[PDB]
Every structure is written in C-alpha cells, then in structure tokens.
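The structure appears below as structure tokens.
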Amino acid sequence: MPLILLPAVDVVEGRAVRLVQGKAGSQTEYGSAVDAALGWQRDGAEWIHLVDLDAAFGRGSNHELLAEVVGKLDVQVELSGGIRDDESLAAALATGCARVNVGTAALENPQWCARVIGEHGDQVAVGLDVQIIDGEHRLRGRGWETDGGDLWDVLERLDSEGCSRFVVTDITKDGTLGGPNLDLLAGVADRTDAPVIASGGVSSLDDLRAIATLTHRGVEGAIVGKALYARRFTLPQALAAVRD
Ligand SMILES: NC(=O)c1ncn([C@@H]2O[C@H](COP(=O)(O)O)[C@@H](O)[C@H]2O)c1NCNCC(O)[C@H](O)[C@H](O)COP(=O)(O)O
C-alpha cells in the first residue's frame, strides 16, 4: 500500500500559515484555512492534517472555524491542537473528523492519555514532537516550549498502552525544507507495531520517495506543509511520486 499523503493546514487566526521551526518571527501566510483545505481536496488529497496552532500555543482557539472546515470537506480529517481533556477531546470528535492527535497531554497526563487510548482506539493518535541534542532524543510539549521526557521510554509506554498510531516530527526539520529525518522515522517505526505518520522537513518529490521506502517498516503516511504552500511541487506530482 502506498505512502498516504496528508497536506497540512496549520491555522492561526483563521489563516493557513507556516513557520520555520515553530518560531513566531518566521510566519508565512497563505490565505484562509477553508480555502487551503478545499484547495488540497480539489487537488486529490485523501486526508487533511488540520491543526489549531493558536490552541497548541495556548493563546486562543479556532475551533468553530475548524468545525466548519471538517463539515465542508468530503475527505478525511486528522484534527489536532489543544486536545488535552475530556471536553476538548469530545469537541474535536464532534466535528465529525476521522481522527485526532494528542501531544502535550501524553507528556503531562499519561494516565488520562492511556484511558483515552483505551476507549477511543483508532480515533486517537499521539503526536511525538522530537528534539535531538547530542544524540539525546527528547519530546517537546506546549508548542515545543516544554521538555516532555525521553522519546524511547515514552514511546514504549504508549505502545504498551495500545496507542493506535504515532505522528512523528523532528522539530529541527519542521518548516525548513531541509529534508525529513529518515533515521528518526525508522527508529520509531522499528520500536512499535503501530503505524507511524512522518511530519516535517519534506522539501522535494525525492524526499517523499525516500519516506516511501520506509512504508514496509511501518511508515504509513507523510504530512506535507511548506513544500506544498511554497510550490516546490504539486499534489498530483506527489501522489504519483509515491507510486513510482
Ligand atoms: N511549534 C509548532 O509548530 C507546534 N506546536 C504544537 N504543534 C502541534 O500541536 C498539536 C497538538 O497540540 P497539543 O500539544 O496536544 O495541545 C500537534 O499536532 C503538534 O505537532 C505544532 N505544530 C503543528 N503543526 C505541525 C506541522 O508542522 C505541519 O502539520 C506540517 O507537518 C509542517 O511540516 P513542514 O512544513 O516542514 O512540511
């Protein structure tokens, strides 16, 4: 089965934006979130990775707009950002999205996260936001502002709890067009039976072909942000590339 592509729509104040390594001063803007989402759908997206960046950064919410976007889309939505308790989880799922991602909550409230995993199964994936410094793989929460512990210990815990799916980002590569971290992706995929979704750094069609070589090891999909918005390549080119 080919690598699934998930065009990203990261939302700040109703707008589709990109950042370089999550920094405030690096923001590029690409029109309304709804137009971005419908545009990728028109180009053939099977999935949209829809993120509330304001919620992720704890500075506000785009929930009502995101609910409208999910409602308007025919294709499947992976919704993320600020899902950290029973209210926010239920509100996300009530949009009718295909699944959600929790990130910070896996680091800060492992007990809640385990119970959510146990009751929601395939509708909840966990985002692992990784920073590697001197070979030390650390997780980051709260818009990458906090340390969330050792990647490998947390990965094993979530795997033992029956976590359905992992979304793995190298925060150093995110929004850089510097290429994906194939070693990190393989490392995670080899240490869980759960499918892995690659996120961050894709810069070319060759980058997608490289990720596609990991599909047999557990890398089921790839989230693509900047490369699409910055027009490095088109979605149909990308869809064709993961098959060639
Ligand atoms: N500093 C940040 O950018 C950031 N801070 C938090 N998030 C996201 O918030 C969501 C969970 O929020 P919670 O911590 O659970 O409240 C997770 O999906 C987490 O990745 C962040 N990123 C969310 N956006 C993910 C992408 O970066 C995008 O989906 C593409 O993969 C871009 O990569 P590319 O432009 O290099 O292609």
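If you're wondering about the labels, chains in the structure tokens are A, B, ... by order shown, residues count from 1 in each chain, ligands from 1 in order shown.
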Closest-contact table, chain A side, partner ligand 1, 7 Å, counting only C-alpha atoms and all ligand atoms, as a Markdown table:
```
| residue | atom | partner | partner_atom_place_in_ligand_line | distance |
| --- | --- | --- | --- | --- |
| A:8 | CA | ligand 1 | 29 (O) | 4.7 |
| A:9 | CA | ligand 1 | 29 (O) | 6.6 |
| A:10 | CA | ligand 1 | 24 (N) | 5.7 |
| A:18 | CA | ligand 1 | 35 (O) | 6.2 |
| A:19 | CA | ligand 1 | 3 (O) | 6.6 |
| A:21 | CA | ligand 1 | 3 (O) | 6.4 |
| A:22 | CA | ligand 1 | 1 (N) | 3.7 |
| A:23 | CA | ligand 1 | 1 (N) | 6.9 |
| A:49 | CA | ligand 1 | 29 (O) | 6.1 |
| A:51 | CA | ligand 1 | 23 (C) | 5.9 |
| A:52 | CA | ligand 1 | 9 (O) | 6.9 |
| A:53 | CA | ligand 1 | 9 (O) | 6.2 |
| A:55 | CA | ligand 1 | 16 (O) | 6.4 |
| A:56 | CA | ligand 1 | 16 (O) | 4.3 |
| A:57 | CA | ligand 1 | 5 (N) | 6.3 |
| A:80 | CA | ligand 1 | 10 (C) | 4.9 |
| A:81 | CA | ligand 1 | 12 (O) | 3.6 |
| A:82 | CA | ligand 1 | 16 (O) | 3.1 |
| A:83 | CA | ligand 1 | 15 (O) | 5.2 |
| A:84 | CA | ligand 1 | 16 (O) | 6.1 |
| A:101 | CA | ligand 1 | 18 (O) | 6.0 |
| A:102 | CA | ligand 1 | 15 (O) | 4.2 |
| A:103 | CA | ligand 1 | 15 (O) | 3.4 |
| A:104 | CA | ligand 1 | 14 (O) | 3.7 |
| A:105 | CA | ligand 1 | 15 (O) | 5.8 |
| A:127 | CA | ligand 1 | 17 (C) | 5.6 |
| A:129 | CA | ligand 1 | 20 (O) | 6.2 |
| A:141 | CA | ligand 1 | 14 (O) | 5.3 |
| A:142 | CA | ligand 1 | 14 (O) | 5.0 |
| A:143 | CA | ligand 1 | 5 (N) | 3.3 |
| A:144 | CA | ligand 1 | 1 (N) | 5.5 |
| A:173 | CA | ligand 1 | 36 (O) | 6.3 |
| A:174 | CA | ligand 1 | 36 (O) | 3.8 |
| A:175 | CA | ligand 1 | 36 (O) | 3.5 |
| A:176 | CA | ligand 1 | 36 (O) | 5.8 |
| A:177 | CA | ligand 1 | 36 (O) | 5.9 |
| A:199 | CA | ligand 1 | 31 (O) | 4.2 |
| A:200 | CA | ligand 1 | 33 (O) | 3.5 |
| A:201 | CA | ligand 1 | 36 (O) | 3.7 |
| A:202 | CA | ligand 1 | 37 (O) | 5.2 |
| A:223 | CA | ligand 1 | 31 (O) | 4.7 |
| A:224 | CA | ligand 1 | 37 (O) | 4.0 |
| A:225 | CA | ligand 1 | 37 (O) | 3.4 |
| A:226 | CA | ligand 1 | 35 (O) | 3.7 |
| A:227 | CA | ligand 1 | 37 (O) | 5.9 |
```
Keeping N, CA and C atoms for every residue in the selection just given, could you write it to a file as a short mmCIF file (atom, residue, chain, number, x, y, z; two decimals), in the first residue's frame?
```cif
data_model
loop_
_atom_site.label_atom_id
_atom_site.label_comp_id
_atom_site.auth_asym_id
_atom_site.auth_seq_id
_atom_site.Cartn_x
_atom_site.Cartn_y
_atom_site.Cartn_z
N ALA A 8 -0.97 19.54 5.08
CA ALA A 8 -1.24 20.19 6.36
C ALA A 8 -1.92 21.53 6.18
N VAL A 9 -2.82 21.85 7.11
CA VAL A 9 -3.38 23.19 7.22
C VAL A 9 -3.24 23.58 8.70
N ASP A 10 -2.24 24.41 8.98
CA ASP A 10 -1.98 24.92 10.33
C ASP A 10 -2.61 26.29 10.44
N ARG A 18 2.53 28.93 7.75
CA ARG A 18 3.67 28.06 8.02
C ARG A 18 4.64 28.81 8.92
N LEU A 19 5.43 28.05 9.67
CA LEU A 19 6.51 28.60 10.48
C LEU A 19 7.79 27.82 10.16
N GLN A 21 10.62 26.03 12.08
CA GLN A 21 10.93 25.50 13.42
C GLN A 21 10.08 26.16 14.52
N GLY A 22 8.82 26.44 14.19
CA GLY A 22 7.86 26.98 15.15
C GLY A 22 8.12 28.39 15.67
N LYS A 23 9.01 29.15 15.03
CA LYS A 23 9.29 30.48 15.57
C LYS A 23 8.40 31.60 15.03
N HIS A 49 -4.44 17.21 7.28
CA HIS A 49 -3.94 17.31 8.65
C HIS A 49 -4.19 18.75 9.11
N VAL A 51 -4.61 21.61 11.92
CA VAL A 51 -4.02 21.93 13.22
C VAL A 51 -4.46 23.32 13.69
N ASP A 52 -4.96 23.39 14.93
CA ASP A 52 -5.21 24.67 15.60
C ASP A 52 -3.93 25.10 16.30
N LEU A 53 -3.14 25.94 15.63
CA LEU A 53 -1.90 26.44 16.20
C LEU A 53 -2.11 27.38 17.39
N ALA A 55 -4.56 27.17 19.59
CA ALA A 55 -4.82 26.24 20.71
C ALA A 55 -3.55 25.54 21.18
N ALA A 56 -2.74 25.08 20.23
CA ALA A 56 -1.47 24.43 20.55
C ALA A 56 -0.55 25.35 21.36
N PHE A 57 -0.56 26.64 21.00
CA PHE A 57 0.27 27.65 21.67
C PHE A 57 -0.43 28.27 22.88
N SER A 80 -6.00 18.38 15.18
CA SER A 80 -5.06 18.49 16.29
C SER A 80 -5.00 19.92 16.84
N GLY A 81 -4.47 20.05 18.06
CA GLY A 81 -4.23 21.35 18.69
C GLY A 81 -5.05 21.58 19.94
N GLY A 82 -4.41 21.46 21.10
CA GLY A 82 -5.04 21.79 22.38
C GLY A 82 -5.98 20.74 22.94
N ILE A 83 -5.93 19.53 22.38
CA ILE A 83 -6.78 18.43 22.86
C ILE A 83 -6.11 17.77 24.06
N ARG A 84 -6.55 18.17 25.24
CA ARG A 84 -5.82 17.88 26.47
C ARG A 84 -6.74 17.46 27.62
N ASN A 101 -5.25 14.04 17.07
CA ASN A 101 -3.93 13.86 17.66
C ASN A 101 -3.89 14.54 19.03
N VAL A 102 -3.34 13.84 20.01
CA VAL A 102 -2.98 14.46 21.29
C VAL A 102 -1.46 14.50 21.35
N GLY A 103 -0.91 15.56 21.94
CA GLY A 103 0.54 15.71 22.02
C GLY A 103 0.97 16.01 23.44
N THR A 104 0.73 17.24 23.86
CA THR A 104 1.12 17.71 25.19
C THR A 104 0.56 16.82 26.30
N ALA A 105 -0.70 16.40 26.14
CA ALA A 105 -1.37 15.56 27.14
C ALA A 105 -0.69 14.21 27.39
N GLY A 127 0.88 12.55 18.92
CA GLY A 127 1.95 13.30 18.29
C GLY A 127 3.20 13.27 19.14
N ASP A 129 6.69 15.01 19.27
CA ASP A 129 7.50 16.12 18.77
C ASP A 129 8.89 16.04 19.35
N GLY A 141 6.54 19.60 24.51
CA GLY A 141 5.12 19.91 24.60
C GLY A 141 4.87 21.40 24.53
N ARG A 142 3.59 21.78 24.64
CA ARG A 142 3.17 23.19 24.76
C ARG A 142 3.77 24.10 23.68
N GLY A 143 3.58 23.73 22.42
CA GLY A 143 4.19 24.46 21.31
C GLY A 143 5.71 24.39 21.33
N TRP A 144 6.23 23.26 21.81
CA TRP A 144 7.67 22.96 21.89
C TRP A 144 8.43 23.72 22.98
N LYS A 173 13.69 19.97 11.85
CA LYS A 173 13.48 19.93 10.40
C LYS A 173 12.18 20.61 9.97
N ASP A 174 11.24 20.74 10.91
CA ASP A 174 9.92 21.28 10.60
C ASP A 174 9.97 22.68 10.02
N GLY A 175 9.38 22.84 8.83
CA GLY A 175 9.28 24.14 8.16
C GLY A 175 10.59 24.66 7.57
N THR A 176 11.59 23.79 7.47
CA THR A 176 12.92 24.20 6.99
C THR A 176 13.17 23.90 5.51
N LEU A 177 12.36 23.01 4.93
CA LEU A 177 12.64 22.41 3.62
C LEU A 177 14.04 21.79 3.58
N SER A 199 6.16 13.63 9.86
CA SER A 199 5.84 15.05 9.73
C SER A 199 7.09 15.92 9.79
N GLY A 200 7.21 16.84 8.83
CA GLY A 200 8.22 17.89 8.91
C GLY A 200 9.41 17.71 7.98
N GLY A 201 9.76 18.79 7.29
CA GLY A 201 11.01 18.85 6.53
C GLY A 201 10.95 18.43 5.07
N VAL A 202 9.84 17.83 4.62
CA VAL A 202 9.73 17.42 3.22
C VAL A 202 10.00 18.63 2.33
N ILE A 223 2.85 13.81 6.43
CA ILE A 223 2.27 15.14 6.45
C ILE A 223 3.22 16.09 5.70
N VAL A 224 2.64 16.87 4.79
CA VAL A 224 3.42 17.81 3.98
C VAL A 224 2.83 19.21 4.13
N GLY A 225 3.67 20.15 4.58
CA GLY A 225 3.25 21.53 4.76
C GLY A 225 3.93 22.47 3.79
N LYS A 226 5.07 23.02 4.20
CA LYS A 226 5.73 24.09 3.45
C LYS A 226 5.97 23.76 1.96
N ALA A 227 6.44 22.55 1.67
CA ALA A 227 6.73 22.20 0.27
C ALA A 227 5.54 22.41 -0.67
#
```
For this session: Identify, with DSSP run on backbone atoms, the residues in range 44-223 of chain A assigned to strand (DSSP E or B), and express the list as a PyMOL selection string.
Result: chain A and resi 47-52+76-80+99-102+124-133+136-141+146-150+166-170+196-199+219-223
Atoms kept (N, CA and C atoms) for selection, written as a CSV table (one decimal), in the first residue's frame:
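Output saved as part39.csv:
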```
chain,number,residue,atom,x,y,z
A,47,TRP,N,-6.6,12.9,2.7
A,47,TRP,CA,-6.5,13.3,4.1
A,47,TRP,C,-6.1,14.8,4.2
A,48,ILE,N,-6.6,15.5,5.2
A,48,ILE,CA,-6.1,16.8,5.6
A,48,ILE,C,-5.7,16.7,7.0
A,49,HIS,N,-4.4,17.2,7.3
A,49,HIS,CA,-3.9,17.3,8.6
A,49,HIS,C,-4.2,18.7,9.1
A,50,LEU,N,-5.2,18.9,9.9
A,50,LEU,CA,-5.7,20.2,10.3
A,50,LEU,C,-5.4,20.5,11.7
A,51,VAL,N,-4.6,21.6,11.9
A,51,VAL,CA,-4.0,21.9,13.2
A,51,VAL,C,-4.5,23.3,13.7
A,52,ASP,N,-5.0,23.4,14.9
A,52,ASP,CA,-5.2,24.7,15.6
A,52,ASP,C,-3.9,25.1,16.3
A,76,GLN,N,-11.1,12.8,4.6
A,76,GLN,CA,-10.8,12.5,6.0
A,76,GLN,C,-9.9,13.6,6.6
A,77,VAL,N,-10.3,14.0,7.8
A,77,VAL,CA,-9.5,15.0,8.5
A,77,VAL,C,-8.9,14.4,9.8
A,78,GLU,N,-7.6,14.7,10.0
A,78,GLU,CA,-6.9,14.5,11.2
A,78,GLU,C,-6.8,15.8,11.9
A,79,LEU,N,-7.5,16.0,13.0
A,79,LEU,CA,-7.6,17.2,13.7
A,79,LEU,C,-6.7,17.3,15.0
A,80,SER,N,-6.0,18.4,15.2
A,80,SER,CA,-5.1,18.5,16.3
A,80,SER,C,-5.0,19.9,16.8
A,99,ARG,N,-10.1,11.3,12.8
A,99,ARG,CA,-9.3,11.1,14.0
A,99,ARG,C,-8.6,12.3,14.5
A,100,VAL,N,-8.1,12.2,15.8
A,100,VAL,CA,-7.5,13.4,16.4
A,100,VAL,C,-6.1,13.0,16.8
A,101,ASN,N,-5.3,14.0,17.1
A,101,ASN,CA,-3.9,13.9,17.7
A,101,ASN,C,-3.9,14.5,19.0
A,102,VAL,N,-3.3,13.8,20.0
A,102,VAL,CA,-3.0,14.5,21.3
A,102,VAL,C,-1.5,14.5,21.3
A,124,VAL,N,-7.8,8.1,18.0
A,124,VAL,CA,-6.8,8.9,18.7
A,124,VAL,C,-5.4,8.5,18.4
A,125,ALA,N,-4.6,9.4,17.8
A,125,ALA,CA,-3.2,9.1,17.5
A,125,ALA,C,-2.4,10.0,18.5
A,126,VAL,N,-1.2,9.7,18.8
A,126,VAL,CA,-0.3,10.6,19.6
A,126,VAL,C,0.8,11.2,18.8
A,127,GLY,N,0.9,12.5,18.9
A,127,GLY,CA,1.9,13.3,18.3
A,127,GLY,C,3.2,13.3,19.1
A,128,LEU,N,4.3,12.8,18.5
A,128,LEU,CA,5.6,12.8,19.2
A,128,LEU,C,6.5,13.9,18.6
A,129,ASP,N,6.7,15.0,19.3
A,129,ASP,CA,7.5,16.1,18.8
A,129,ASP,C,8.9,16.0,19.4
A,130,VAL,N,9.9,15.7,18.5
A,130,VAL,CA,11.2,15.3,19.0
A,130,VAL,C,12.3,16.3,18.7
A,131,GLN,N,13.0,16.6,19.7
A,131,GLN,CA,14.2,17.4,19.6
A,131,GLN,C,15.4,16.6,20.0
A,132,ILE,N,16.4,16.5,19.0
A,132,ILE,CA,17.6,15.7,19.2
A,132,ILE,C,18.8,16.6,19.5
A,133,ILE,N,19.4,16.5,20.7
A,133,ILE,CA,20.6,17.3,21.0
A,133,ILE,C,21.6,16.4,21.6
A,136,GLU,N,20.6,12.8,22.2
A,136,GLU,CA,19.6,12.7,23.2
A,136,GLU,C,18.2,13.0,22.6
A,137,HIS,N,17.3,12.1,22.4
A,137,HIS,CA,16.0,12.3,21.8
A,137,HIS,C,15.0,12.7,22.9
A,138,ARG,N,14.6,14.0,22.9
A,138,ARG,CA,13.7,14.5,23.9
A,138,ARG,C,12.4,14.9,23.2
A,139,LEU,N,11.3,14.7,23.9
A,139,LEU,CA,10.0,15.1,23.5
A,139,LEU,C,9.7,16.6,23.9
A,140,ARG,N,8.9,17.3,23.2
A,140,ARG,CA,8.6,18.7,23.5
A,140,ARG,C,7.0,18.9,23.5
A,141,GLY,N,6.5,19.6,24.5
A,141,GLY,CA,5.1,19.9,24.6
A,141,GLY,C,4.9,21.4,24.5
A,146,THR,N,8.1,23.2,26.3
A,146,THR,CA,8.4,22.3,27.4
A,146,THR,C,9.2,21.1,27.0
A,147,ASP,N,9.9,20.5,28.0
A,147,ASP,CA,10.5,19.2,27.8
A,147,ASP,C,9.5,18.1,28.3
A,148,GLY,N,9.3,17.1,27.5
A,148,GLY,CA,8.4,16.0,27.7
A,148,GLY,C,9.0,14.7,28.0
A,149,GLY,N,10.3,14.7,28.2
A,149,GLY,CA,11.0,13.4,28.6
A,149,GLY,C,11.6,12.7,27.4
A,150,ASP,N,12.1,11.5,27.7
A,150,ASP,CA,12.8,10.7,26.7
A,150,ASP,C,11.9,10.1,25.7
A,166,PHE,N,1.2,6.8,15.7
A,166,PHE,CA,2.1,7.9,16.1
A,166,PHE,C,2.4,8.9,15.0
A,167,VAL,N,2.4,10.1,15.3
A,167,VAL,CA,2.7,11.2,14.3
A,167,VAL,C,4.1,11.8,14.8
A,168,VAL,N,5.1,11.5,14.0
A,168,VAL,CA,6.5,11.8,14.5
A,168,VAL,C,7.1,13.0,13.7
A,169,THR,N,7.4,14.1,14.5
A,169,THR,CA,8.1,15.3,14.0
A,169,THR,C,9.5,15.5,14.5
A,170,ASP,N,10.5,15.7,13.7
A,170,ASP,CA,11.7,16.3,14.1
A,170,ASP,C,11.6,17.8,14.1
A,196,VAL,N,3.2,4.7,11.8
A,196,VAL,CA,3.8,6.0,12.0
A,196,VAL,C,3.5,6.9,10.9
A,197,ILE,N,3.1,8.2,11.2
A,197,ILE,CA,3.0,9.2,10.2
A,197,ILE,C,4.1,10.2,10.4
A,198,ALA,N,4.9,10.4,9.3
A,198,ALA,CA,6.0,11.3,9.2
A,198,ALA,C,5.5,12.7,9.1
A,199,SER,N,6.2,13.6,9.9
A,199,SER,CA,5.8,15.0,9.7
A,199,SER,C,7.1,15.9,9.8
A,219,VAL,N,6.0,3.1,8.3
A,219,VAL,CA,5.7,4.5,8.0
A,219,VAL,C,4.6,4.6,7.0
A,220,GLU,N,3.4,4.8,7.5
A,220,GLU,CA,2.2,4.6,6.7
A,220,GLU,C,1.8,5.9,5.9
A,221,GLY,N,2.2,7.1,6.4
A,221,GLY,CA,1.9,8.3,5.8
A,221,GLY,C,2.9,9.4,6.0
A,222,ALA,N,2.7,10.5,5.3
A,222,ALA,CA,3.6,11.7,5.5
A,222,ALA,C,2.7,13.0,5.4
A,223,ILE,N,2.9,13.8,6.4
A,223,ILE,CA,2.3,15.1,6.4
A,223,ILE,C,3.2,16.1,5.7
```
Exercise. Quick one: residues within 12 Å of residue 215 in chain A, only C-alpha atoms counted, chain neighbours fewer than 6 positions away excluded, as a ChimeraX atom specification?
Worked result: /A:1-4,182,185-186,189-190,195-198,208-209,221-222,242-243
Let me see the file: selected residues, N, CA and C atoms, as an mmCIF file, in the first residue's frame.
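This is the output file result_4.cif:
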```cif
data_model
loop_
_atom_site.group_PDB
_atom_site.id
_atom_site.type_symbol
_atom_site.label_atom_id
_atom_site.label_comp_id
_atom_site.auth_asym_id
_atom_site.auth_seq_id
_atom_site.Cartn_x
_atom_site.Cartn_y
_atom_site.Cartn_z
ATOM 1 N N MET A 1 0.865 -1.218 0.000
ATOM 2 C CA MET A 1 0.000 0.000 0.000
ATOM 3 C C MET A 1 0.885 1.246 0.000
ATOM 4 N N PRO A 2 0.615 2.210 -0.905
ATOM 5 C CA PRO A 2 1.491 3.381 -0.989
ATOM 6 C C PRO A 2 1.435 4.296 0.234
ATOM 7 N N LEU A 3 2.494 5.089 0.407
ATOM 8 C CA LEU A 3 2.543 6.140 1.417
ATOM 9 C C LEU A 3 1.359 7.090 1.256
ATOM 10 N N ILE A 4 0.595 7.267 2.332
ATOM 11 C CA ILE A 4 -0.530 8.210 2.329
ATOM 12 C C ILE A 4 0.016 9.627 2.465
ATOM 13 N N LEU A 182 14.974 10.582 8.235
ATOM 14 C CA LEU A 182 14.680 9.181 7.944
ATOM 15 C C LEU A 182 15.153 8.211 9.031
ATOM 16 N N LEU A 185 12.567 8.383 11.841
ATOM 17 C CA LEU A 185 11.341 7.711 11.397
ATOM 18 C C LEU A 185 11.470 6.199 11.490
ATOM 19 N N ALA A 186 12.588 5.676 10.979
ATOM 20 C CA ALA A 186 12.903 4.247 11.060
ATOM 21 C C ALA A 186 13.033 3.793 12.509
ATOM 22 N N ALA A 189 9.515 3.594 13.985
ATOM 23 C CA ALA A 189 8.763 2.536 13.295
ATOM 24 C C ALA A 189 9.203 1.132 13.719
ATOM 25 N N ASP A 190 10.506 0.965 13.937
ATOM 26 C CA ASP A 190 11.075 -0.319 14.354
ATOM 27 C C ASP A 190 10.760 -0.682 15.808
ATOM 28 N N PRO A 195 1.214 2.034 13.276
ATOM 29 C CA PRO A 195 1.678 2.822 12.134
ATOM 30 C C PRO A 195 2.221 4.186 12.545
ATOM 31 N N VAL A 196 3.201 4.666 11.785
ATOM 32 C CA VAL A 196 3.814 5.965 12.014
ATOM 33 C C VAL A 196 3.503 6.930 10.862
ATOM 34 N N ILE A 197 3.121 8.155 11.213
ATOM 35 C CA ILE A 197 2.952 9.231 10.236
ATOM 36 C C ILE A 197 4.123 10.209 10.360
ATOM 37 N N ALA A 198 4.870 10.377 9.270
ATOM 38 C CA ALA A 198 6.008 11.293 9.217
ATOM 39 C C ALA A 198 5.538 12.732 9.095
ATOM 40 N N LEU A 208 9.802 12.554 -0.572
ATOM 41 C CA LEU A 208 8.640 11.685 -0.431
ATOM 42 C C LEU A 208 8.938 10.247 -0.859
ATOM 43 N N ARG A 209 9.717 10.089 -1.931
ATOM 44 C CA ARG A 209 10.162 8.764 -2.357
ATOM 45 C C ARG A 209 11.007 8.109 -1.265
ATOM 46 N N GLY A 221 2.250 7.060 6.398
ATOM 47 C CA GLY A 221 1.883 8.322 5.769
ATOM 48 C C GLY A 221 2.872 9.432 6.047
ATOM 49 N N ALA A 222 2.705 10.540 5.327
ATOM 50 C CA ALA A 222 3.557 11.712 5.466
ATOM 51 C C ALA A 222 2.718 12.983 5.398
ATOM 52 N N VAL A 242 4.938 8.780 -5.025
ATOM 53 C CA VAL A 242 4.934 7.718 -4.014
ATOM 54 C C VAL A 242 4.558 6.342 -4.599
ATOM 55 N N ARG A 243 4.158 6.337 -5.867
ATOM 56 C CA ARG A 243 3.863 5.102 -6.597
ATOM 57 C C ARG A 243 4.964 4.684 -7.578
#
```
Problem set entry | DSSP-assigned helix (DSSP H, G or I) among range 23-99 of chain A, expressed as a PyMOL selection string | chain A and resi 24-26+33-42+53-56+63-72+86-93
Go ahead and write the residues just picked, C-alpha atoms, as a JSON list (two decimals), in the first residue's frame.
```json
[["chain", "number", "residue", "atom", "x", "y", "z"],
["A", 24, "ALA", "CA", 6.93, 33.47, 15.72],
["A", 25, "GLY", "CA", 9.03, 35.81, 13.59],
["A", 26, "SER", "CA", 9.21, 33.36, 10.66],
["A", 33, "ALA", "CA", -7.79, 27.94, 6.27],
["A", 34, "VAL", "CA", -11.02, 26.89, 4.50],
["A", 35, "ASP", "CA", -9.66, 27.81, 1.02],
["A", 36, "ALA", "CA", -6.40, 25.97, 1.76],
["A", 37, "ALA", "CA", -8.25, 22.82, 2.90],
["A", 38, "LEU", "CA", -10.69, 22.81, -0.05],
["A", 39, "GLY", "CA", -7.79, 23.52, -2.43],
["A", 40, "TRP", "CA", -5.81, 20.44, -1.37],
["A", 41, "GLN", "CA", -9.03, 18.37, -1.55],
["A", 42, "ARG", "CA", -9.61, 19.61, -5.12],
["A", 53, "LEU", "CA", -1.90, 26.44, 16.20],
["A", 54, "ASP", "CA", -3.50, 29.07, 18.47],
["A", 55, "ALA", "CA", -4.82, 26.24, 20.71],
["A", 56, "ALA", "CA", -1.47, 24.43, 20.55],
["A", 63, "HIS", "CA", -12.40, 25.57, 16.98],
["A", 64, "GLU", "CA", -15.60, 26.89, 15.38],
["A", 65, "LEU", "CA", -13.83, 27.60, 12.08],
["A", 66, "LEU", "CA", -12.15, 24.18, 12.16],
["A", 67, "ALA", "CA", -15.54, 22.53, 12.79],
["A", 68, "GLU", "CA", -16.88, 24.27, 9.65],
["A", 69, "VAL", "CA", -13.84, 23.14, 7.59],
["A", 70, "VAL", "CA", -14.29, 19.50, 8.72],
["A", 71, "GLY", "CA", -18.02, 19.80, 7.88],
["A", 72, "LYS", "CA", -17.32, 21.15, 4.37],
["A", 86, "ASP", "CA", -12.37, 15.21, 28.04],
["A", 87, "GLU", "CA", -14.18, 18.39, 26.95],
["A", 88, "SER", "CA", -11.66, 19.34, 24.25],
["A", 89, "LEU", "CA", -11.45, 15.72, 23.03],
["A", 90, "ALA", "CA", -15.22, 15.39, 22.70],
["A", 91, "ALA", "CA", -15.44, 18.81, 21.00],
["A", 92, "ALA", "CA", -12.81, 17.76, 18.45],
["A", 93, "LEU", "CA", -14.53, 14.46, 17.71]]
```
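Compared by their closest atoms to residue 231 in chain A, and using only C-alpha atoms, the residues A:13, A:218, A:204, A:157 rank with A:204 nearest.
For the choices A:15, A:85, A:96, A:244, the atom-to-atom distance to residue 111 in chain A is smallest for A:85 when using only C-alpha atoms.
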For this session: Work out how far CA of residue 181 in chain A is from CA of residue 17 in chain A, in Å to one decimal.
Result: 22.3 Å
